[PDB]
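Computation of the quantities below employed the complete heavy-atom set of this structure, encompassing side-chain atoms and omitting hydrogens, waters and symmetry-equivalent molecules. Chain letters run A, B, ... following the sequence lines, proteins first, then strands; residues in each count from 1. Atoms within each ligand, like the ligands themselves, are counted from 1 in listed order.
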Amino acid sequence: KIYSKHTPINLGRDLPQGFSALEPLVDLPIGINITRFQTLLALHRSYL
Amino acid sequence: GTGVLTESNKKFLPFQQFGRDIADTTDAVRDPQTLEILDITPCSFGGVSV
Ligand SMILES: *[C@@H]1O[C@H](CO)[C@@H](O)[C@H](O)[C@H]1NC(C)=O
């Protein structure tokens, strides 16, 4: 289950105060064992 | 269920299907065939006194 939210935060503390609930985005029927995770970043080639 | 299906003004979110009151009883339904919200109200009933 993936839940998400996009909130426009006025310039300040990155983790703001107040509430912004995350709406359910997708439920995927996967059925696998998950104990570890990693974030994917994008890198651009230099060409120099 | 047995009830009257009426038009509703409740702004359901896209994931949301069912609707519930303070009693956690079904108060609205979203139909799969036509994506509209039908408010469910129990039919009229009462006690008869002679
Ligand atoms: C049939 O059902 C789907 C979802 O259950 C809906 O998106 C579609 O509009 C329905 N077909 C018609 C002709 O309304």
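Counting only distance, with no hydrogens or angles, the side chain of B:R30 and the backbone of B:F15 share no donor-acceptor pair below 3.5 Å. Formation of a donor-acceptor pair under 3.5 Å by the B:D31 side chain with backbone atoms of B:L35 is not found in this model.
Between B:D27 and B:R20 the shortest side-chain heavy-atom distance does not fall below 4.5 Å. Looking only at side-chain heavy atoms (C-beta outward), B:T26 and B:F18 come within less than 4.5 Å of each other.
The protein non-hydrogen atom at the shortest distance from atom 7 (O) of ligand 1 is B:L35 CD1, 4.6 Å.
Among the atoms of B:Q33, some N or O lies under 3.5 angstrom from an N or O of ligand 1. For B:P32, a nitrogen or oxygen atom sits less than 3.5 Å from a nitrogen or oxygen atom of ligand 1, counting backbone and side chain alike.
Within a 6.0 Å radius of NZ in A:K5, other residues, nucleotides and ligands contribute more than 12 heavy atoms.
For atom 5 (O) of ligand 1, the nearest protein heavy atom lies closer than 4.0 Å. For atom 13 (C) of ligand 1, no protein heavy-atom neighbour is present inside the 4.0 Å cut-off.
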